[PDB]
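Examining the three-dimensional arrangement
As a plain string of letters, each chain reads:
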Amino acid sequence: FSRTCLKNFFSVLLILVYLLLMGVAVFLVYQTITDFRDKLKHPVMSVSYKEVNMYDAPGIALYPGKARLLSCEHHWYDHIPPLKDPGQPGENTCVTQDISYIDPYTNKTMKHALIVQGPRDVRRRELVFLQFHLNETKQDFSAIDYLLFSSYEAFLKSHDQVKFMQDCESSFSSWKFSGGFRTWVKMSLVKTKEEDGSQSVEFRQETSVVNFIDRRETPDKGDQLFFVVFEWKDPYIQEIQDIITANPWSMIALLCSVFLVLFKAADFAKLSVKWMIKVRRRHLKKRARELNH
Amino acid sequence: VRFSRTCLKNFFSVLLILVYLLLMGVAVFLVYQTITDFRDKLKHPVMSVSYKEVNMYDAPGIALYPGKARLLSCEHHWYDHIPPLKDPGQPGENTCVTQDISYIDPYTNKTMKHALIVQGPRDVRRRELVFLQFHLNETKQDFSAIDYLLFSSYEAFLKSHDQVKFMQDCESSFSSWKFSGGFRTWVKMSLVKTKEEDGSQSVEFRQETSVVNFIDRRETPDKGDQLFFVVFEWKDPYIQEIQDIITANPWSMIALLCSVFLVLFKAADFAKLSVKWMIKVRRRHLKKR
Amino acid sequence: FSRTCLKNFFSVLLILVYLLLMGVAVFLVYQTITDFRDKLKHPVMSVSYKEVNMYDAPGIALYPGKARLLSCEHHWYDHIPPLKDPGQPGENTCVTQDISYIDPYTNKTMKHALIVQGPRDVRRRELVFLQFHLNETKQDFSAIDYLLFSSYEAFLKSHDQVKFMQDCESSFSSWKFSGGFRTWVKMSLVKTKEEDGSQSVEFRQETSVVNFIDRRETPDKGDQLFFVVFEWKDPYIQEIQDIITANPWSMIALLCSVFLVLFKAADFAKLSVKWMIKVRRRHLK
Amino acid sequence: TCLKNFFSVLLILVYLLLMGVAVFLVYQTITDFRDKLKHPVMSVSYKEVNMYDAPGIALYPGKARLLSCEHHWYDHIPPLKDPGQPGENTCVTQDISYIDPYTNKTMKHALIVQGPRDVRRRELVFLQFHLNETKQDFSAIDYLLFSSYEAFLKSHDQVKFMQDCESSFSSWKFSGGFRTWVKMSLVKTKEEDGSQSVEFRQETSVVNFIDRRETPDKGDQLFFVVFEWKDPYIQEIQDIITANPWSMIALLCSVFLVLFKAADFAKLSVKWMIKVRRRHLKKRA
Amino acid sequence: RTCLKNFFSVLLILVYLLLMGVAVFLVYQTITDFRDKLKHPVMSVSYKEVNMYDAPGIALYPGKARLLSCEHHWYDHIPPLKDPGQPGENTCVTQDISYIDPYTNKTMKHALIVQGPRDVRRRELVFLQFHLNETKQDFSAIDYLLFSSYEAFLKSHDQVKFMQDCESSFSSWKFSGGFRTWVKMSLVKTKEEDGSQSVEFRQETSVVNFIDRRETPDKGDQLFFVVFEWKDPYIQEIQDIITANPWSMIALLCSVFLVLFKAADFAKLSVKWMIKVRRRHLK
Amino acid sequence: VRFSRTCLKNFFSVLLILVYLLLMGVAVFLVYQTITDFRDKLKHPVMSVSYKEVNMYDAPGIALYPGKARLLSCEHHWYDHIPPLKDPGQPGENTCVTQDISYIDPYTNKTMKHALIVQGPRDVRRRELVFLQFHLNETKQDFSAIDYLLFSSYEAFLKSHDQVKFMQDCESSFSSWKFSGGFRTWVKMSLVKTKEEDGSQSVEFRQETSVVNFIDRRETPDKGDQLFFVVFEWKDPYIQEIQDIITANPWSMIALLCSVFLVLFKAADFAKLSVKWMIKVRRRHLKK
RNA sequence: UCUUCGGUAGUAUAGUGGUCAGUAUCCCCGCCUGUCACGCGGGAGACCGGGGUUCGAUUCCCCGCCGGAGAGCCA
């Protein structure tokens, strides 16, 4: 009767060894699929700078309003602008093209905008020096807004330019420089990576205002004089590449890991069951050898 | 002729010793290198960024710190493209949810500093702004400046009675920006949600001031009338989220190592079978019958 | 045709399994080759925050013109600058170490460095107050440049300050401070990693100008008094490291091991053809 | 035959001799290992330090108040000075006084200063003192020259520096006159554990001081004291151990193997001799 | 049980590789020790003896002084005092040429060079003497430097360069006024890798007071006196020795290889002896 | 078969001669490097240092040579960095041990130079220091100074005999210092012993004097009167040992030689194995 | 396609339900009888593979691999 119980105990051990590795496999595959779904939930960041040598012509959509473009001189490399007496017009050696459109988010108002061509040569540090004057009024807070878009010649050679300002304000953000300062804007360009098209352009900038010596002007009525430059901070275009360990990585790693752990989950069980039936037969051998020595 | 026997004696010994030596020399090499790589990847968790959109922000924690400065207005201009022109100096129109707390200084435990916490803007979509106005006619420092800090939520401060520790932890964590003394500082703000190992999102603020000079010469400021201005608003509806994820999975480490061990076992067995076959083909070639 | 055609139908499965395994292997190696084409973008960013307590004092290369310093009062303990007076030179207690050399860009211009030690502690908010002065001239906009580099001691200990400062000027950028504002320049470090781990660093800074009342010295010509409050802001430094996510060892291991499941599938094919042969033998016998 | 008894002894004799020389050589090599372990050798190293290494110069005037300091960043001829004028405390006169650690009864003072820098340009501290002449003869002012001024500043519990650095030096003084000029240099010895110790050694060179300027009427004192740096080639000392980590045991095993091989070869050769002797015996039988 | 015997044979097979691992570990340890020994070269000194020292180099920059006596007391120590200030007894091989500064490049240096003493057995000493007019510098001094041999200045050319090179190698010792600075000099030779012998001078001054009461120097004029005896009749010979020789560790590696071969062979013989368990069945 | 026999024999012979040769080349090459290494390490012995420690030094001799002066004051001020100073220039209070010997010179062999031998301080831990105030009449001593010489055994000087030679040899060996005529020469003598070969080690005194000036305001200005103080101490409670070790060991070197000879013998055995492989190849050649 | 016969050291076989899987040759070592074996004395190498019964199966049974033997269309 002892052997009749032993043949049941060893069957129980057989089933235990089978189901141990039949449950480990399912637990591991479920854990791996859950982990790879988690990885699919959110990708990681992969930046690259790809420094350039000759920037494109950028777009600067000023909204001067009632002011006047006194000067838009392009200091081709002159990091120290030639001092000139404020308060009078002159030297419109600029690439301005006054083009207006209706502003969205309002649906009721017209607003003009003298989009100008920005500097290109970062190595030479090309500049653009502006000067806006306005007869003082009740506004008491003189800020002249300005937008920024990547390509200017694209605006030059695009039919139905409605997009170029009816979408810039709806996409970009509206900065503004002060009245009575010289807002030094050191722009830079940053590119993202979307799955729909190819990429996108977003601007960054570091305004560094410096005071304006009101002498030699004497604003008796209070004539404010806006002054703006638009440098190019760096020859580098930090592009954001949103790399994913999500679509191909999940599938490939899933299939490989599972089909290669099934290998052990089968081989170890086979070896263990073979050797345990071997030891069962060995116990039978030793008891029957005690019987028939 | 024992030439075949001697060639066998050379081959099985040297070839098999070489193959079970190269097996170890590759297995231990790869296991050590990949364990080191696992430790390295555990050393440097990779960051994850995205932009979860928010239609309507909560009530932020703008907390002005005016030392003996008189508030003049709180107009929460809901959507105004530019706030309407205001005559300075005159008080009134202070429709801001305001509370004053002052217990102790977190730094040096020096003294009390009263705050003027405002509920702050909510609707980013309609570009809510909370345009302030200040006044410091009686100047003795002669070195103008006004301090302000931001915290996460208003009702979180309001409901919790930990008033002193609110301005303890907020002051210790958030830096102390100071909007300029005299001209309006259009302080757009944005939120950054960084995650932690425990799932806690300890948020911090990010702002991009844009100082606009004032032409407030309608005040006769000869006596020392230095009046300030502030504008808060929410920069973009989006919110940045920061989460550092573990790039190394030990449950993939173990799978990779057991798989390469199985590869090496199969390679050794195949090599043994192949050498046995190449040895035994001459056995059927030396004798024909 | 009763048995020869069946044997041909069995043997075409041999070529079938060969071509299937070839195609699957080619597809898998194509996927892995695309992965190591993405290897170009595999440089990813991993950042950490070293909670540093005591900080290295950094050199602060100011580049004044016709200006003259007035104070360097380092408020090691004080986080607040006590009230002071315009003009009136006093307590030039900094470590001004003028090394005025020629331009590194055009090699013609004259620059006048005034390296200051800067602060050390950040838990105590160690300010480094400064002050300048300039009698008015035809200077329609007034600005006093400056610049930064990694460490003061790396300037003091290293020899040949000529190239040490000349290359640093062109390498970094120059963000100035204005004529009449307390340009409260905070500062912080980003610790990036190069291809080998040389660990170059550059400076992040958040200026915040603030107006200064000038009635106390009645400048009747345009006298300008600058003020700079260089101060370390971050109680911890950011550590940018560009780790790469893929190594060829994983590629070769996974490929050569899915090769084994391919071989096992071939084994099942070789068993199944024999099983079908046995079944057909039983059926047609 | 009798030749068998003749040769049946030197067989075991040669193995006995080999065992004897084996134990002799193992004793010789173990004694050599003991000797080479009991006499570690040193290695001298020169490093070309280019810069500061701020030392914690100390002085113990007690009654001789300071009257001058200087820092001649490049001046091998320090110019004239007024004898007896107090002030110009350009030194970082971090004055601290502490009780004796050794006698535990004397209220000792200190006038720690900041040490010379710029060894390349030979920057040299300079001093000047004064003391109303008292009953004590042989006017002497003790002074230590411990190192690490920069860490001395930030160090906590400054009593320990004074109470400890006295024991680890000999406190060489400077005289009551004639500008005891004091050069100095460093030695960097390596301890047994792995740490290192830095000690200052100095080469005074006194030069007589002309008193044709003070014209004292009592016998007052104006003893200077001058510091500098000697050649920057700081001596690094390392006490390396004789290279016997495992070579002794490996060559012990080698001599073991060769002696066993030689014993076996001796057996082979003597067996060959026995074979040829048996052949000769059969020839001559 | 034959399967057990083959499994023990497989155990010996596994043991066969732990010897390889230990050998490779010892090889790595040996290569690390070799690199360490090539990283810290050892030093040695041998005090050789010299019967007749070379006539050394003595550079002096008196400035506005004037050598009043240059007597070679061959072995006598009796001090003659004719007059503290008179010029006389210039009995030495002296030679002065002024050269511009090789360091500042502006000033000129007046190298009033004196040959010096040779016979250490007789303890030759070159008793100098110098007087200076009163000046405002408030403490007198004379920088003086030494070089290898006066003959290296006598016959050699480029005498301007031959002194200009020896500018900052030494530390510019100096004797004072109203003193008798006794300078016992010794010479140390270092032996570096490139076969050159850089000679250096090391000396131990011992100032002794002087009596000017016999000259009535109330005005403020100071005197100077120097001697330059050679201290020891020896020369320090410091040699840096490399203590690592690859041709002394290749034999170490070979011995390791032989002992591991013997160990493996003994393991094989041990399992062959273990076959006695089957040999008993054969019996 | 003649051609095959000739070619095989020449091929085997050239292989064996090539390896046999190499064997000899590496043997002579290694014995050459052995010769070079052993001769080089015999030429340049390598020296070592160590620092033992004591708390109570023995009594060292101090051979003063006062030509005309006198022991105005001798003391044993231990532990007192402020020695009790009396009125200068007044004799008495000599609480030391002396022996006014007067022996011969090695250079003149005729002068009976005095030597007021004293024993130095011993308590380094309590920094004991002697104090030897003197005075002379300097009628003509324009550069006043009295020599002093250090030997390391006062106790062994006492009980020993032939004291003329016991002072003669120490005078010859150690160089003669001198203390200033009008200063205070603080002499912090350290003790250095070198463990030489021949079963003998010798001691050497090295010291760094530090003159500190003396003020004579307490004595009336006189002609032919300059006094001077000399101080002896103990620098460190250490004793530096300079011992020379030897790098080369004949036992180790012959061990290397035996190992490489074993390796080359095994290489020749593998050459013999190649010979037997050639023999079997020739057996196959004749079988075919 | 079907039906038998056999498969063992490197060679030839002999063994078989309970074990010096043996022997001759071949492989190694001691003797040199004129010789590197012409002759002796000691030591060494194996059940075609897989599964199943049996205390144990190289033996008993089944399935695959290898030959050789026959009918032979398997076209």
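Residues numbered from 1 in each chain as written, not as in the entry; some residues may be left out. Chains lettered and ligands numbered in written order. Heavy atoms only, no water. Residues with missing side-chain atoms left out of burial classes, pairs and counts.

The deposited coordinates derive from cryo-EM, with the record listing a resolution of 3.81 Å.

We count it as follows: UniProt positions are given in the numbering used here, feature names are shortened, and annotations may be inferred rather than shown by experiment.
As recorded by the PDB entry, chain E carries the name Proton-activated chloride channel and is attributed to Xenopus tropicalis. Looking at the header, the entry is titled "Structure of the dimeric Xenopus tropical acid-sensitive outwardly rectifying channel ASOR trimer bound with tRNA (closed state)". Check the Function section of the UniProt entry for chain E; it says "Chloride channel gated by pH that facilitates the entry of chloride ions into cells upon exposure to extracellular acidic pH." Database annotation for chain E, UniProt heading Sequence similarities: "Belongs to the proton-activated chloride channel family."

Where the PDB entry is consulted, chain B appears under the name Proton-activated chloride channel, with the organism given as Xenopus tropicalis. Database annotation for chain B, UniProt heading Function: "Chloride channel gated by pH that facilitates the entry of chloride ions into cells upon exposure to extracellular acidic pH." One UniProt comment on chain B, placed under Subcellular location, says "Cell membrane".

1. Section: a nonpolar patch on the surface
Short version of the rule: Here the term patch refers to residues with relative accessible area over 30% and no salt bridge, with like charges joined within 9 Å and nonpolar side chains (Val, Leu, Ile, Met, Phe, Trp, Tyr) within 5 Å. Reported accessibility uses the Shrake-Rupley method at a 1.4 Å probe radius. Residues are deemed covered only where the shown protein chains occlude them. Any carboxyl oxygen of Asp or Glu within 4 Å of a side-chain nitrogen of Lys or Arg constitutes a salt bridge here. Counting from the N terminus, the helices are the DSSP runs of H or I reaching at least four residues and the strands are the DSSP runs of E reaching at least two.
On the surface, a cluster of nonpolar side chains totalling about 900 Å² of accessible area is made up of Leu-271 and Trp-275 of chain A together with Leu-4, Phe-7, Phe-8, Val-10, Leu-11, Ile-13 and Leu-14 of chain E. Looking at the nonpolar patch, the elements that each hand over two or more residues are α5 (247-291) of chain A together with α1 (2-39) of chain E. The element that contributes the greatest number of residues to the nonpolar patch is α1 of chain E, accounting for 7 residues. Among the structural elements, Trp-275 of chain A can be located in helix α5.

2. Description of the protein's contact with RNA strand G
The following threshold applies: Working definition: residue near molecule or strand if any one of its non-hydrogen atoms lies within 4 Å of it. Residues adjacent in sequence count toward polar contacts only when both atoms are side-chain atoms; beyond that, a polar contact is any pair of N or O atoms within 3.5 Å, and within protein one must be able to donate a hydrogen and the other to accept it. Residues are grouped as follows: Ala, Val, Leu, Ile, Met, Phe, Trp, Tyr, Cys and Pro are nonpolar; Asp, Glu, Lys and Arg are charged; every other residue, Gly included, is polar.
Close to RNA strand G lie 20 residues; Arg-289 of chain A, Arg-289 of chain B, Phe-1 and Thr-4 of chain C together with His-281 of chain E are nearest. For RNA strand G, the backbone portion of the atoms within 4 Å of the protein, that is sugar and phosphate, comes to 85%. In the environment of RNA strand G, a phosphate oxygen lies 2.4 Å from a nitrogen or oxygen atom belonging to the side chain of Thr-4 of chain C. By residue number, the principal contributor to the surface near RNA strand G is α5 of chain A, which donates 4 residues. Here the residues of the surface near RNA strand G are counted per class, giving 4 nonpolar, 4 polar and 12 charged.

3. Here we look at the packing of helix α2 (residues 10-38) of chain D against helix α5 (residues 247-284) of chain D
Residue and element names in this part refer to chain D. Note the following rule: Helix axes are fitted only over the stretch in contact, all axes being lines through C-alpha atoms; the angle between N-to-C directions runs from 0 to 180 degrees. We call two directions roughly parallel when the angle between them is under 35 degrees, roughly antiparallel when it is over 145, roughly perpendicular when it lies between 65 and 115, and oblique otherwise. Note on contacts: a residue pair is in contact if any heavy atoms of the two residues lie within 4.5 Å.
One can describe the packing of α2 onto α5 by two numbers: an axis separation of 11 Å at closest approach and a directional angle of 170 degrees. By the angle class used here, α2 and α5 are roughly antiparallel. The residues of α5 that touch α2, namely those facing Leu-11, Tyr-15, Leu-18, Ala-22, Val-26, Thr-29, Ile-30 and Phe-33, are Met-248, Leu-252, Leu-259, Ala-263, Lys-267 and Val-270. Along the lines of polarity and charge, the residues of the contact of α2 with α5 split into 12 nonpolar, 1 polar and 1 charged.

4. What to know about the domain arrangement of chain E
Short version of the rule: These domain boundaries are the output of an automatic or database domain assignment.
Along its sequence, chain E is carved into domain 1 (2-39 + 254-282) and domain 2 (53-241). Computed from C-alpha coordinates alone, the two centres of domain 1 of chain E and domain 2 of chain E are separated by 72 Å.

5. Structural notes on the sheet that holds strand β7 (residues 145-151) of chain F
Residue and element names in this part refer to chain F. Quick note on the threshold: One bridge is not enough; two strands pair if DSSP finds at least two bridges between them.
One open sheet accounts for 5 strands, arranged β4-β5-β2-β7-β8; its pairing is antiparallel. Both outer strands of the open sheet, β4 (99-103) and β8 (177-180), are each paired with one neighbouring strand and no more. Put simply, the sheet's adjacent strands are angled 35 degrees from each other on average, direction ignored. As paired elements, β7 and β8 share 4 bridges and run antiparallel to each other. By the bridge assignment for β8, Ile-146 is matched with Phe-179.

6. With respect to the interface of chain B and chain A
This is how it is decided: Note: buried area is the sum, over both parts, of the accessible area (probe 1.4 Å) each one loses when the two are combined.
If you look at the interface, chain B gives 30 residues, while chain A gives 32 residues. Contact between chain B and chain A buries roughly 2,800 Å² in total, counting both sides, with carbon and sulfur atoms accounting for 57%. Inspection of the region where chain B meets chain A yields 3 salt bridges. In this structure, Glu-136 of chain A engages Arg-217 of chain B in a salt bridge whose closest nitrogen and oxygen atoms are separated by 2.4 Å. At the junction of chain B with chain A, the criterion picks out 10 residue pairs in polar contact.

7. Focus on the domain arrangement of chain B
Domain parsing of chain B yields domain 1 (3-45 + 247-286) and domain 2 (46-245). Each of domain 1 of chain B and domain 2 of chain B was reduced to a C-alpha centroid, and the two centroids are 67 Å apart.

8. A word on the packing of α5 of chain A against helix α4 (residues 248-284) of chain C
Counted only if it meets this: Each crossing gets its hand from how the near helix is turned against the far one by less than a right angle, where anticlockwise is left-handed and clockwise is right-handed.
Two numbers describe how α5 of chain A lies on α4 of chain C: the axes approach to 10 Å, and their chain directions differ by 60 degrees. By the angle class used here, α5 of chain A and α4 of chain C are oblique. For the crossing formed where α5 of chain A meets α4 of chain C, the hand is left-handed. From α5 of chain A, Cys-256, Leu-260 and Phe-263 of chain A reach across to α4 of chain C, where they touch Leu-254, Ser-257, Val-258, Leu-260, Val-261 and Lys-264 of chain C. A per-class count over the contact of α5 of chain A with α4 of chain C returns 7 nonpolar, 1 polar and 1 charged.

9. Considerations on the side chain of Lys-191 of chain C
All names here are of chain C. Put simply, the rule is: In this scheme, a residue with accessible area under 20% of its type's maximum is buried, one over 50% is exposed, and one in between is partly exposed, where area comes from a 1.4 Å probe on protein chains only. Charge assignment in this entry is limited to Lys and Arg as positive and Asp and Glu as negative, and neither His nor the chain termini are counted.
Relative to the assigned elements, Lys-191 resides in strand β8 (residues 186-191). Put simply, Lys-191 is tucked away with no salt bridge, and the nearest opposite charge, on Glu-239, sits 5.2 Å away. When near neighbours in sequence (up to four residues on either side) are disregarded, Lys-191 contacts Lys-50, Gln-199, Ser-200, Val-201, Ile-237, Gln-238, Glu-239 and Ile-240.

10. A word on the arrangement of the chains
Contact between chain A and chain E is absent, and the minimum C-alpha spacing across the pair is 12 Å. No interface is formed between chain C and chain E, the nearest pair of C-alpha atoms being 17 Å apart.

11. What about the side chain of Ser-139 of chain D?
For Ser-139 of chain D, the position within the fold is in the loop between β7 (124-129) and β8 (140-141). Look past the residues within four positions of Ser-139 of chain D in its chain and what remains in contact with it is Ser-175, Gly-176 and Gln-221 of chain D together with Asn-213 and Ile-215 of chain F.

12. A short note on the interface of chain D and chain F
Counting from both sides, the interface comprises 35 residues of chain D and, opposite them, 34 residues of chain F. With both sides pooled, the region where chain D packs onto chain F buries about 3,200 Å², and carbon together with sulfur makes up 63% of that total. Interface area lost by chain D to chain F is led by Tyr-102, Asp-137 and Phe-138 of chain D, which between them contribute 20%. Applying the counting rule to chain D against chain F returns 1 salt bridge. A salt bridge links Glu-133 of chain D to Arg-218 of chain F; its shortest N-O distance comes to 2.3 Å. One can count 7 residue pairs in polar contact joining chain D with chain F. Of all the secondary structure elements, the ones that give two or more residues to the side of chain D that touches chain F are α2, β1 (41-48) and α5 of chain D. Within the side of chain D that touches chain F, the residues separate by chemical class into 13 nonpolar, 13 polar and 9 charged.

13. Here we look at the sheet that holds strand β14 (residues 222-224) of chain E
Hydrogen bonds between backbone atoms are what pair the strands of a sheet, whose relative direction is either parallel or antiparallel. Residue and element names in this part refer to chain E. On the basis of which strands lie adjacent, the open sheet formed by 3 strands has the order β4-β9-β14 and antiparallel pairing. At either end of the open sheet lies a strand with only one pairing partner, and these are β4 (66-67) and β14. One ladder, built from 2 bridges, connects β4 with strand β9 (residues 130-132); its direction is antiparallel. When the sheet's bridge partners are listed, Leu-67 is paired in β9 with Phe-130.

14. Considering the state of the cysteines
The test is simple: By convention in this document, the label disulfide applies to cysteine sulfur atom pairs within 2.5 Å.
The full count for this structure, using the stated rule, is 6 disulfides over all chains. A disulfide bridge connects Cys-72 of chain C with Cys-94 of chain C, and the sulfur atoms are separated by 2.0 Å. Of this pair, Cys-72 of chain C sits in the loop between β2 (60-63) and β3 (74-75) while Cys-94 of chain C sits in the loop between β3 and β4 (127-128), and the two are 22 residues apart along the sequence. For the pair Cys-72 of chain C and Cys-94 of chain C, a shared accessibility class is recorded, and that class is buried. This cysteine, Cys-170 of chain B, is not joined by any disulfide, and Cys-96 of chain B carries the nearest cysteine sulfur, 19 Å off. On the accessibility criterion, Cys-170 of chain B (13% relative accessible area) is buried. The structure places no disulfide on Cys-165 of chain D, whose sulfur is separated from the nearest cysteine sulfur, that of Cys-91 of chain D, by 19 Å. In this structure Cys-165 of chain D comes out as buried when scored by relative accessible area, which is 18%.

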